Amino acid sequence: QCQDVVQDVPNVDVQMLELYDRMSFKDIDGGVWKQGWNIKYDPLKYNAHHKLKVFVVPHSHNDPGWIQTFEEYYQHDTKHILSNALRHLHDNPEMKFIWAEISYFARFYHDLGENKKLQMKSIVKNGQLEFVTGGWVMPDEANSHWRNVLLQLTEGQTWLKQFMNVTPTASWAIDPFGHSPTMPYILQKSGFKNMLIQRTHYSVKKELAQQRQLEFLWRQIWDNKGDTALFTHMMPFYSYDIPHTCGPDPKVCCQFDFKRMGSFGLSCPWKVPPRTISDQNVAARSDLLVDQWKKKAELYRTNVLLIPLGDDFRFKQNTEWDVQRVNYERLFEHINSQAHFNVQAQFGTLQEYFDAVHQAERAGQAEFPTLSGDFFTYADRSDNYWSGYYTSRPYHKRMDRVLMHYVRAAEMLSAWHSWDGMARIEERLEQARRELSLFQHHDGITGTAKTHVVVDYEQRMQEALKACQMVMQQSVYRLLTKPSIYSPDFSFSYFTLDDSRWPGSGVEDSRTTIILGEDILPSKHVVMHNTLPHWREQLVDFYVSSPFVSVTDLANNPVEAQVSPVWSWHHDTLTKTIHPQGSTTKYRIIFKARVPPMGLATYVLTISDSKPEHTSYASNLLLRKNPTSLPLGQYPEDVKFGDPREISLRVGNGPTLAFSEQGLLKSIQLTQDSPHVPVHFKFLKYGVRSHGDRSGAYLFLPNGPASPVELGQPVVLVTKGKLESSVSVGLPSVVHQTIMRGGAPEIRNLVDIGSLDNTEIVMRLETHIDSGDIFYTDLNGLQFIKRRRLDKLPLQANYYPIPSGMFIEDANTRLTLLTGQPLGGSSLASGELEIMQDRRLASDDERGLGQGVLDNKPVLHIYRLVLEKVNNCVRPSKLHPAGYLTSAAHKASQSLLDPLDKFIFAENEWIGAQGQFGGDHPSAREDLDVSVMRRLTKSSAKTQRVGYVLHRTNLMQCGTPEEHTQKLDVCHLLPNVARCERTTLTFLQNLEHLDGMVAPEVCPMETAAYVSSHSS
Ligand SMILES: O=C(C[C@H]1CC[C@@H](O)[C@@H]2[C@H](O)[C@H](O)CN12)c1ccccc1
Ligand SMILES: *[C@@H]1O[C@H](CO)[C@@H](O)[C@H](O)[C@H]1NC(C)=O
Ligand SMILES: [Zn+2]
């Protein structure tokens, strides 16, 4: 049935980790093709019965924000490009054009008059204008979560289906900075047949070109059978621009970019300009151009050649359309009429190219190699590895993951009902999806845009968060109020969201205090939501105006609680120390919430005049020389003081953690009898080179290994409670916190790099684990890939994206660090893990951004740290390119990315309140998630439709007996099901009509989509 993703090592022609081990990566001058060799071809290869078919594919790369905002580019460039494409393609039936970015296209189309909409639909229907990929954006592939890659793909393609009646099956990704196999994974499950990529390491292009392995069937690293494979074309040269797309010699190709003759303010840096094609020069010009084409064709296996013709924001001016088209038409007429060339050249689209390639394949002309692996870390030249953008602008990288979750929760909570149009649910959800989708752009989440553009993305995301909050709180009010009492005002805030980790303590004072008092309000209802499809317990905290608060469930059962102070860290500009101050009027109450699968649970907080029976109070110990008093108002336990010292803590039956006198972890002891395993946190700094190339938003070019941050004698705060304990320390640039709740600790870093120019702050873990040169990092939150540190490459080449987690292991022990935000990281020595926190860079790094990164702001990074024994786990063999999490590590990752949501009832009394929603929802096996639940129809549809994306991960078997869980059938989650269909992941095509209206669960590492239809 299901493929075994652990025990069967796939047999592929190219496995990227193996290729990396063998490659020497020498950076030699290849001649005119600087990173290749002088290509030779046999002129007799092509003849009358075997011609070279050349497709020249006009394109225009349009960034949804980079050096200008989305709206600035739309007004100055993109609207003109699309208007002139419409005119020119209409008037010139053989001209072609491809378009990728649907965020821009949708904007443009909705502003067109009906006559022009109709003209536009006609040039799409007739194949002159072709959509490629059809996502909202062309996303980053390093930092993006797979859930958001799917979200933006779906946003663009849903628009295209509705308005253009087309769904692209070929993908075009010419600009992301390195490439991930998560893309073919999602695309192949969304109807695609082909994809194109460009930015891969120059040494990889050379190696694959030598073997004609630039076109390959790209399968997942664990896929033994090959069912995931997607045909992939990798472009061979340094850029997608015209000089690097006609052939190997850019001095020649630049002469065929007819926008470079002077009047457009462009020129050829190789110092030979284009010349207008005429009858007196066409034979000579054609002989140069065809020679470049035949050289490029040597790198590929069929007689069908792809020649992109475009660059950034091209095809704007009418005069530009004319100059490119007329000159190429003259070349085509000459070349195609001169038999000695044995070439047929024409304008074409991307799909036309791929169709012709597969026709050649089926005619027996070519067989294609199989490939697995990824294409990180990219370098475009010399030692310029693009690992900096794995960290750049980390505040917005963290915001991405918060908004990811809020979009999921808003779509899920509101999916349970149909809503009247006056509720503006669909409106707010569309806004949220579109702003999050926009940020997936390869200058958004990457942190590679100008400062004012970053500000625009942030503002858009804030509006999206507010939209999600509105939808979430309206939904909770409807789900938990007696139906005959429910009386909604769709503009009113029935609940406010309380989020403890965004923007976070020390970043924004954004959270509301629950204000209780005998003379104002005795009690307050709070509600937790659990988006995951299994019962979940999690500690939750709220701010309250008294320490004398107790918690009950709605059946009035007492719930054990802990009260702790509200501590804020202050950079004291008088004493020159970083130290905590406690509130004397706000307090934190903490208790364990238990919430049904995809459900809600209500609790009540009640004030009393004295310490409640079921509430305890944490102790607090401030470790520093030269302490001063720390009053805490009504808080019943006095703060204690001491000189810095080592300390040890244990919460519940969980691990015992030991800390240095500097407040940093030194060891973890898993159980009572077990060893104190050395696990040391350390903060270090990288700098920038004083000669040669400088680090910037894209490039990490360190001036050697990192140097320790000088810590001085930092102030350490120890809070010890029955439910939660923590150690926090004010270090230079980081308030570092280790929080213990009875399992793997949570780490929070409040990172403020301040004015430290040309500094990158790294957090490192040092252990004994005999990992050697092996470590594992994830791709897009979807899969873990084996990495091998290569000392033959520079330090920055050994940095990889850490979009959600990383681990090291030996035969016996594993250490996994899970993240709540994408950051860059590595293992630079056996037993180590490290992850960059922020970077502040004064210089531009010559990739067009035209600024350094000097707009840092405080960010709260979150993590879980899981030390485990793995000697009993069934792991892949030494040759398998994947790794897999344990149950504990996977749940830890879910605790960061999809925590419980917390709602505080706004008014004094909630009439008709109910205690729970979803108690009857199936509690699915732990490896299964309902990644997306989305109602697909508005309230006017007679047949309601609800879409589900189901993802099953793969967890290691380590000898923990499986407990019976319930089968999850998403098609019966809503009543009155009339049909259940398996669909593509975008919901746009029905693939299977399902027997008995039952949606089967999916196999390990598989993702499926289902749509249920309800007659209601
Ligand atoms: O590669 C680029 C720019 C590429 C890659 C980085 C990315 O931020 C930008 C924008 O997305 C543009 O689309 C071009 N991209 C470059 C190279 C040399 C000089 C100037 C620019
Ligand atoms: C859209 O797609 C196909 C081919 O263009 C056509 O048969 C159909 O009539 C068009 N319109 C629809 C499905 O509304
Ligand atoms: Zn770009």
Side-chain angles (χ1 to χ4, degrees), residues 34-35 59-70 73 77-78 81 99-101 103-104 118 121-133 135-143 160-169 172-179 191 197-202 235 237-245 250 266 269 308 310-314 351 378-382 384-390 392-393 438-451 453-454 457 693 696-699 844-853 988-990:
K34 277 270 159 282
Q35 297 156 316
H59 70 97
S60 179
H61 181 64
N62 284 243
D63 299 295
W66 178 38
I67 296 330
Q68 291 285 273
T69 65
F70 179 92
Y73 275 137
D77 294 281
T78 305
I81 292 166
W99 194 264
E101 301 87 4
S103 53
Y104 279 125
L118 291 171
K121 288 190 263 177
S122 75
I123 60 163
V124 170
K125 189 169 191 72
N126 82 358
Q128 282 187 268
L129 196 154
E130 182 178 287
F131 297 101
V132 294
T133 310
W136 205 240
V137 303
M138 177 187 297
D140 181 32
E141 301 182 19
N143 299 295
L160 284 174
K161 184 181 175 179
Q162 180 172 358
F163 295 102
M164 281 311 112
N165 194 33
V166 296
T167 302
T169 63
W172 175 259
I174 54 165
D175 211 30
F177 326 137
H179 295 278
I197 63 174
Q198 157 60 23
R199 291 192 182 278
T200 65
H201 194 296
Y202 60 92
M235 293 167 57
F237 302 137
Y238 156 83
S239 176
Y240 54 75
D241 66 11
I242 292 163
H244 299 87
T245 47
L266 307 170
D311 204 340
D312 291 6
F313 294 99
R314 287 298 189 94
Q351 186 64 47
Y378 175 59
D380 58 342
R381 57 191 173 88
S382 63
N384 289 191
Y385 285 84
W386 296 43
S387 42
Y389 83 99
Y390 302 158
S392 297
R393 280 61 177 266
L438 194 74
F439 193 60
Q440 305 312 303
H441 169 50
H442 59 271
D443 298 303
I445 190 172
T446 59
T448 59
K450 280 192 177 296
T451 299
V453 182
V454 175
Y457 290 136
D693 295 331
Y698 308 85
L699 305 186
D844 176 68
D845 52 359
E846 307 183 47
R847 302 305 188 281
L849 172 56
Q851 60 163 88
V853 175
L988 298 176
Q989 185 190 354
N990 300 322

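Counting starts at 1 for both ligands and their atoms, following the listed order. FYI, the numbering just counts along the sequence from 1.
For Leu849, no heavy-atom contact with ligand 1 is shorter than 4.0 Å. Neither the backbone nor the side chain of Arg381 has a heavy atom within less than 4.0 Å of ligand 1. If you look at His61 next to ligand 1, the close heavy atoms, those under 4.0 Å, all belong to the side chain.
For ligand 1, the polar-atom distance check against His442 finds a nitrogen or oxygen pair separated by under 3.5 Å. Residue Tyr238 places no N or O, backbone or side chain, under 3.5 Å from any N or O of ligand 1. Here's the thing with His441: none of its N/O atoms is less than 3.5 angstrom from an N/O atom of ligand 1. For ligand 1, the polar-atom distance check against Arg847 finds no nitrogen or oxygen pair separated by under 3.5 Å.
Within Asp63, the N, O or S atom at minimum distance from the Zn ion (ligand 3) carries the name OD1. Restricting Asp175 to its N, O or S atoms, the one at the least distance from the Zn ion (ligand 3) is OD2.
Remark: the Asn62 side chain and the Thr78 side chain contain an N/O donor-acceptor pair separated by less than 3.5 Å. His201 and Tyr385 share a donor-acceptor pair across their side chains, judged by distance under 3.5 Å alone. A donor atom on one side chain and an acceptor atom on the other are found under 3.5 Å apart for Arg199 and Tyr378. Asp63 and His442 share a donor-acceptor pair across their side chains, judged by distance under 3.5 Å alone. The closest side-chain donor-acceptor pair between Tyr698 and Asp844, if any, does not fall under 3.5 angstrom. Side-chain N/O atoms of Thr451 and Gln851 include a donor and acceptor closer than 3.5 Å.
In summary, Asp443 places no N/O/S atom under 2.8 Å from the Zn ion (ligand 3), failing the contact criterion. With 2.8 Å as the limit, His441 does not count as an N, O or S neighbour of the Zn ion (ligand 3).
Here the closest heavy-atom approach between residue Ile81 and residue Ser60 is recorded as CD1-OG, 3.8 Å. Heavy atoms only, all atoms of each residue included: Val137 and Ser103 are closest at CG1-OG, 4.4 Å. Residues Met235 and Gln198 share a closest heavy-atom pair of CB-OE1, 3.1 Å. Of all the heavy atoms in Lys450 and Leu849, the pair that sits closest is NZ-O, 2.8 Å. Pairing each heavy atom of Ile123 with each of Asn126, the nearest pair is O-OD1, 2.7 Å.
Results of the ring-ring contact (aromatic ring centres under 6.0 Å, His included) test with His244 over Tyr202, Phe237, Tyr238 single out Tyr238 as the only residue that passes.
Nearest protein heavy-atom neighbour of atom 13 (O) of ligand 1: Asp63 OD2, 2.5 Å.
The angle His61:NE2 - the Zn ion (ligand 3) - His442:NE2 amounts to 100°, with values rounded to 10 degrees.
With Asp175, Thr446, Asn384 as candidates, the residue nearest to atom 10 (C) of ligand 1 on a non-hydrogen basis is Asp175.
Within 4.0 Å of ligand 2, heavy atoms belong to protein residues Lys125, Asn165.
By the 30° and 60° cut-offs, the orientation of the rings of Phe177 relative to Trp386 is tilted.
The shell of residues lying under 4.0 angstrom from ligand 1, judged by heavy atoms, includes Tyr240.
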